[PDB]
Amino acid sequence: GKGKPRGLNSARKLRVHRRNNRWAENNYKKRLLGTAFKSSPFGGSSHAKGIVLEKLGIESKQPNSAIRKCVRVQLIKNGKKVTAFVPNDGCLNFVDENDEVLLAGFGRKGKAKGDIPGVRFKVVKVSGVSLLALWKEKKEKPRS
Amino acid sequence: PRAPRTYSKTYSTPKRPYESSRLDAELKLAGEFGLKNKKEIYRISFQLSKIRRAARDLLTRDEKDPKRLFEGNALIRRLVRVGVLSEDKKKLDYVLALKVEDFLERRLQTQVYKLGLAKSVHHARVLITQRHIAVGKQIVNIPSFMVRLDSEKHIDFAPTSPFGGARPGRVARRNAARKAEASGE
Amino acid sequence: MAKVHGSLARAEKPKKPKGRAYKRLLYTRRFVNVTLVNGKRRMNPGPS
Amino acid sequence: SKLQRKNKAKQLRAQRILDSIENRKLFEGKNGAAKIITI
Amino acid sequence: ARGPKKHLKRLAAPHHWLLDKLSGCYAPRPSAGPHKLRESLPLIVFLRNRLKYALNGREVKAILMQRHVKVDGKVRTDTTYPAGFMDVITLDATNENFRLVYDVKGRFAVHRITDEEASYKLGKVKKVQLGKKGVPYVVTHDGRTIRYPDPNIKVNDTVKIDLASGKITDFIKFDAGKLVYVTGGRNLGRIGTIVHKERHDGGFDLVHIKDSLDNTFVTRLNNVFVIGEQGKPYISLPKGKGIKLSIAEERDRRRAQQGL
RNA sequence: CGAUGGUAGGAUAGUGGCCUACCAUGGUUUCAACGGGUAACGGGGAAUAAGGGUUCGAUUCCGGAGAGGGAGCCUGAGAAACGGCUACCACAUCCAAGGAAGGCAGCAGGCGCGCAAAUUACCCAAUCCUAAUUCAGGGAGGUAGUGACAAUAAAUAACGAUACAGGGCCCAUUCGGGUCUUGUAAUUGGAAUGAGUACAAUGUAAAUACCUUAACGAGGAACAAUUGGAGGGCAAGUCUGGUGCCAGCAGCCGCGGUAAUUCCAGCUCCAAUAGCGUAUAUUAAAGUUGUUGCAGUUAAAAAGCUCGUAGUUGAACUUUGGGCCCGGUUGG
């Protein structure tokens, strides 16, 4: 008999069980409780600006092994701090500090059995100039 | 404030991007007819796939049902008036097997090459763009005119173009101003 | 590095043709001629 | 409640918005100003 | 708000005036007068959107200030005076006389009449009461009060009014088998005759009306305007004469008439 | 300290616990009252869509509320009004120190914040409203500047000659006798044209621009298309160069330990052509929310056991058949 009621005047059990155990869909519970403000470092935004504390070097332990270059930062609207990532100056020659930077996220989920370890962010521009415009060398960093 | 101005989008891309048996039949239409990109071929499949949907449900409701008779005999009447349905195929089931080049063979780029004015299908789209061809009295310059049926027979050159009319362009005038005055010196 | 500001227009390889003419070129190079490697098919190949 | 803005706002900027006052407003216009203009 | 409103926005204007939805931002708002707001038509929608005489608002005021346009034998200069049903609009420097009456698809029609039909006006009967110092009066649908009527007049009847002195010539009762115009709703503008009228106590009463081609319909009591006895109206009807034509019937009747 | 009702007054434009007197002891609730959250103004509507549905609606129309935060009233047909007044609270401006003035969630513009949003321009010509009135007024509204927010139309090349190739149909004798198709020959020729500029005219309240048009305007090698990829998913390379210059390495399986069929570069190809390139939300894919429509033993998942609330669900039966006759549109 399927283990659910079928008769005609039964619409109240049917609609009150459905929102009862709709709380196991994993990203409907995130939306009604609203955990995007209370826990996320961004608060619900695409990008965010911070100011860089210092250069860091991080490594990936099991099967892979090389020299992943990341950066500390401190967000202006929040005060909390995160560790971003800068893409492929694999030459080890773009340290920069006490600068204004713009982060973003990865399209995130991954595999860290090679231990490409636990950061969640990246960098799209720095001090008012895009990153690729420096790597492809279309601008150079503004200063006097 | 004021009233808002309606608009609509006119094409739609397909669901699977890189699969090969699609990609070639689109290519062989773009070389056959000379079309700029594949947005021009999506433009003709959209317009078709709303015609097909419009007849797809008048077939469901009964015959001798006065919405089938008023909206049917107008949809049929408009497709013949531009010349896509054959004149013996005036029945509503026959539009459900219409194809996409039965509209592609009615553009001005295609109906001027068949009617003997340009030596190739790429001599059409450059003849039209440069204001040479004029159905009726009106210089058109759009390679997608979709000529109505009882005005296939009016296309000719323009009463302003150097081909079918008056003064030559500013090469021949410039060449005559490069040689005829230079005959003495 | 940057753009040059003086581009006023009042008063190694040869080019490719751009636009509808490029669709004409591709129609020839795979649908008016042929390329095989013994019936088996590796068109646009590596030179060997 | 959500006065925590007025905590975090009115106790982030109170001295950083104070380092740049009197250099801008020593020129109030009855006696204390002289703007020097060359042409 | 706090007081009355005084602007009418363009999309909120009544549909059967056919103002185009791009020329401006507001519409004419009709003044307070004889006929209701969404049941009338100002003198600027007549003189520049129907007869095409004037091309502006500044041209309409130049026409009205020369004291040409009358309504019901009286001069008006209010540029949004509310002319409504059965009103007579007598220009003078063309010797034309008009009468406001309904189309069939639901519109206010241009109608030219004679120089003798423009001396009178019908009007229905909205209430009949006993006034101060014991005299009775009668209230029409456009709001004229008229003291001392015949006693046999009741409500929902129809009077005939002489526009010269403002008086009554004769009247028509309200019963089965009469000629009736329909002035509001969905079957708006159709003319037919009364089959019978059932009554609901404390509710809205329904009449059943037969056409001339013998097809029937039902409306409420208050959208029903008596015109005359059968086959004989008292006014000059428009073309079509209130016959509903199906959309099938009026494509081909336009096709075969297309011989120009 | 009115909560639910009865009787009589007060007050109001007027009904009514709206308020005041005396009395009665009521009213709401598992068919979810009362309380808590809302990064909640409500609807017409919007995106996606086999069908059922999921997610949005601060925002051009209609309805409500507000004018730094609460309270109070004047004039009036109409306001508890803020481009009206008066008090306290938070602010802040000028000062001859006696005092006196103030509210941009109207329009342009500010130094603030943040990922995040235009000119202190011209006019009442149109649309409409107000006034003692055809004439005056209107940052309401119209016209331009700034605008890759979105949507429609579509330039960046088209024709010849020989030439040398092949295929090619055929004259084939075998040649070439025709028809072709390309291929290429910094091999050669002449025609077409608007991007741009600019007399006039037209537009317009005046102008600017679009439609029309004198003279000018190309071999185009320069009047020069760009973003992203080339193990797999998923269209496209067996190509040469690093001592690993300039190595984790590309959503996820993974490729590096020299020379790599992926990093870094050159060449040649592929895809879209104005890129949907990256980020964050949501919809389809999803029968992974299941009314349509899932899952019972071993894979997540049947409560220790029987009596029993509310809720849901509950056997069959009581006028069928027969006869005559008119009048519909359909196959005919």
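All residue numbers here begin at 1 and follow the chain in the order shown.
This deposition comes from electron microscopy, 3.7 Å.
Using N, Cα and C of the backbone, Cβ positions are placed for all residues, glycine too.
The annotation ubiquitin cross-link is assigned in Swiss-Prot to E:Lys61, E:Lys133, E:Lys160, E:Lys167, E:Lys173, E:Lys178, E:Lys210, E:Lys232 on the grounds of a large-scale study or a structure entry. Swiss-Prot lists E:41-104 with the feature domain 'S4 RNA-binding'. The phosphoserine annotation in Swiss-Prot covers E:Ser31, E:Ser246 and is backed by a large-scale study or a structure entry. Taken from Swiss-Prot, the feature phosphothreonine applies to E:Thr114.
Shown on the structure are the features that Swiss-Prot records.
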residue  : record               : DSSP class
E:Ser31  : phosphoserine        : coil
E:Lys61  : ubiquitin cross-link : helix
E:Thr114 : phosphothreonine     : coil
E:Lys133 : ubiquitin cross-link : helix
E:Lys160 : ubiquitin cross-link : strand
E:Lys167 : ubiquitin cross-link : strand
E:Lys173 : ubiquitin cross-link : coil
E:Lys210 : ubiquitin cross-link : strand
E:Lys232 : ubiquitin cross-link : strand
E:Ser246 : phosphoserine        : coil
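Of all the Cβ atoms in the protein chains shown, 15 others lie within 10 Å of the Cβ of E:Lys160 (ubiquitin cross-link). For E:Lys167 (ubiquitin cross-link) paired with E:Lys160 (ubiquitin cross-link), the C-alpha to C-alpha distance reads 8 Å. Around E:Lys133 (ubiquitin cross-link), no same-chain residue six or more apart in sequence has its CB under 8 Å from its CB.
When the recorded sites E:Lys61, E:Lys167, E:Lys178, E:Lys210 are compared by the number of other C-beta atoms lying within 10 angstroms of their own C-beta, E:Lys167 comes out lowest. Comparing the Cα of E:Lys178 (ubiquitin cross-link) with the Cα of every entry in E:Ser31, E:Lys61, E:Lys160, E:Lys232, these being the recorded positions, the smallest distance points to E:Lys232. For the pair E:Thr114 (phosphothreonine) and E:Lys160 (ubiquitin cross-link), the C-alpha distance works out to 18 angstrom. Among the listed recorded sites, namely E:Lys173, E:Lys232, the Cβ with the most fellow Cβ atoms inside 10 Å is that of E:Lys173. Annotation for the modified residues E:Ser31, E:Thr114: lowest Cβ count within 10 Å of the residue's own Cβ, E:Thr114.
Each residue of the domain 'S4 RNA-binding' (E:41-104) gets a DSSP state, and the totals for helix, strand and coil are 14 helix, 16 strand, 34 coil.
Cβ contacts within 10 Å of E:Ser246 (phosphoserine), excluding its own Cβ and spanning all protein chains shown: 9.
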